[PDB]
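Nothing in this text is a laboratory measurement; each read-out follows from the coordinates by a stated rule. Please note: Cβ atoms are built from the backbone with ideal geometry, for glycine as well, and neighbour counts cover all protein chains shown.
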Amino acid sequence: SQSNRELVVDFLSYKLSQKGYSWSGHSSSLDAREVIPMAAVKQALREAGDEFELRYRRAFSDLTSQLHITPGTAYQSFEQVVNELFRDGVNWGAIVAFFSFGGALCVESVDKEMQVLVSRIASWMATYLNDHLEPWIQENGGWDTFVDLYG
């Protein structure tokens with residue numbers, strides 16, 4: 001899904017900019033599956049990832065330090081480490097923790113001067129979302145529901 005790549009890239013750009021860095025009248029019909037506009041998915045995910053970042057100073061330290069992310073890291077290690085964010089199963093709060101992990105991974109790579117990692121990390125996130133999370137999402141009321149719940 002394109003829309004998921006668009007979510008990833010928006011959330012990351014947002015987080016990088018936030019830390020001072022850089023990435024580099026018609027409604028839907030009812031038969032549409034998401035009738036909620038993408039802008040509002042994005043806005044809600046931005047806010048929730050911001051809120052998640054404020055509650056959890058700690059998180060990912062074991063996870064990011066398990067990762068030891070370099071230009072040699074494969075997707076499979078990222079995947080393994082992300083699986084642990086979902087150890088107890090998928091729910092919307094763990095989806096926010098995932099995006100937030102990706103964001104923190106990006107900020108860390110630009111800090112250690114490995115800009116090249118940004119689009120890889122995004123790509124791993126699109127892949128993870130599409131392989132692993134999107135099937136749960138589209139069976140749990142879509143990003144429409146996520147906006148309902150957090151927006």
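What about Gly93, is it in a loop (DSSP other than H, G, I, E, B) and surrounded by fewer than 17 Cβ atoms within 10 Å (Cβ to Cβ)?
No; evaluated as a whole, the condition is false for this residue.
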Return yes when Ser100 is under 20 Å from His132 (Cα atoms), part of a helix (DSSP H, G or I) and hydroxyl-bearing (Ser, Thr, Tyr) and no when it is not.
yes
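Here is a list: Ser13, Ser3. Which entry is surrounded by fewer than 16 Cβ atoms within 10 Å (Cβ to Cβ) and either small (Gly, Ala, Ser) or within 24 Å of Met114 (Cβ to Cβ) (or both)? Talk me through it step by step, then tell me what you get.
Numbers: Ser13 fails: surrounded by fewer than 16 Cβ atoms within 10 Å (Cβ to Cβ).
Criteria check complete, one pass: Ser3.
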I need every pair where a residue in the stretch 124-139 that is loosely packed, with under 15 Cβ neighbours inside 10 Å has its Cβ under 9 Å from the Cβ of a residue that is among the polar types (S, T, N, Q) and assigned to a helix (DSSP H, G or I), sequence separation at least 6 or different chains.
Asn130/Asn4
Scan (1) small (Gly, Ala, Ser); (2) farther than 19 Å from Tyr14 by Cα; (3) surrounded by 10 or more Cβ atoms within 10 Å (Cβ to Cβ) for the single condition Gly72 breaks and write down its number.
(3)
